[PDB]
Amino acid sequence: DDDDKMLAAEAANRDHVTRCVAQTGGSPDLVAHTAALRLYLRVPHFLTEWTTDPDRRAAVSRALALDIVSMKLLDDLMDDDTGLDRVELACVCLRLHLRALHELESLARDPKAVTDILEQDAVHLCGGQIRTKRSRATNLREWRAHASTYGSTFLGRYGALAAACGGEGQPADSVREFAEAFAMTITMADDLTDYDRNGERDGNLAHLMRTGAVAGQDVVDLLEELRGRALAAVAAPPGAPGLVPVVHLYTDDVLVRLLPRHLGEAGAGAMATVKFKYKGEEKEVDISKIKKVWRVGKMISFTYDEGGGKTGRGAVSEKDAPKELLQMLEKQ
């Protein structure tokens, strides 16, 4: 029923943002633009998951949504590619942000916590975005460094804010650790969706992958590093167990749906192989060379291609049977 809480928070956040944008004078486009920011509107629910009081939780949640959207509008404004009225964007951006400050400050654990947090790393954030758009990334290392400011740092501030405004029992460092790890997962997903949906090439991860400058298996490890970082943060006491399915959901979506659109025939890059002894020999074969395979007890018997018509043959214990060879069993 958390899926229901999650959808209801999203709708509350959404409504609170479109009213706000409407009353400030933003056109109906701009209003439809911000209600469309579904993940941005939903993330505040993830960040406030440690918040025991429901009333405080909804108030902090929508205040975060106001600021996150506002920042997204400022980014639209720097790119001049939405078509939207430059003016309405600048004004609606400012108006939402001021409401956010006012709302977050009314719930804070300290009168200076909000501004301290926004200031602490403002330079790393802003000069970071400038360097990101200036010098496009050309390898995983560069890419990850850029994404650590406009992705992780950007969301980590909100993380820190939800802890600052969410009353008692908020493990500050953890909420913030979750936000930074999760934001990078979400940032990769965005990058690999937008190669196509949007038209992005410079410094974009999908391109760097289609180009060779980045190896698939390295993207998989980053994603796995990010998933573990998020899982551990959510595990710190008192814990936000509810976030576990959320972390797996987004991580698995990148792995299973997005990556293949850019690697193709083999995500890993470690073409599976079967090792065995045949006719006194040592042998190893590529799962791609394997024709027929069947099971005899705990043995896996099979046929493969040695070159030309030449039909290869072998049998191994399933205990040494690569997971890939076993998939052809059930699939046969």
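The first residue of the shown sequence is 1; numbering continues from there.
- Relative to one another, 262 to 270 and 292 to 300 have unequal mean CA B-factors, and 262 to 270 is the one with the higher figure.
- Comparing 75 to 83 with 244 to 252, the stretch with the higher mean C-alpha B-factor in the PDB entry is 75 to 83.
- Out of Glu180, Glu119, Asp221, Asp202, it is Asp202 whose C-alpha atom has the highest B-factor in the PDB entry.
- Residue-level inspection of the entry shows that, of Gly128, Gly216, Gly169, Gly239, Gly169 has the top Cα B-factor.
- Residue-level temperature factors show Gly280 in the highest third of its chain, judged at the C-alpha atom.
- Ranked by C-alpha B-factor against the other modelled residues of its chain, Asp190 falls in the middle third.
- Annotation for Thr311: CA B-factor lies in the highest third of the chain's modelled residues.
- Ranked by C-alpha B-factor against the other modelled residues of its chain, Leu39 falls in the middle third.
- Per the PDB record, residue ranking by Cα B-factor puts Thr18 in the lowest third of the chain.
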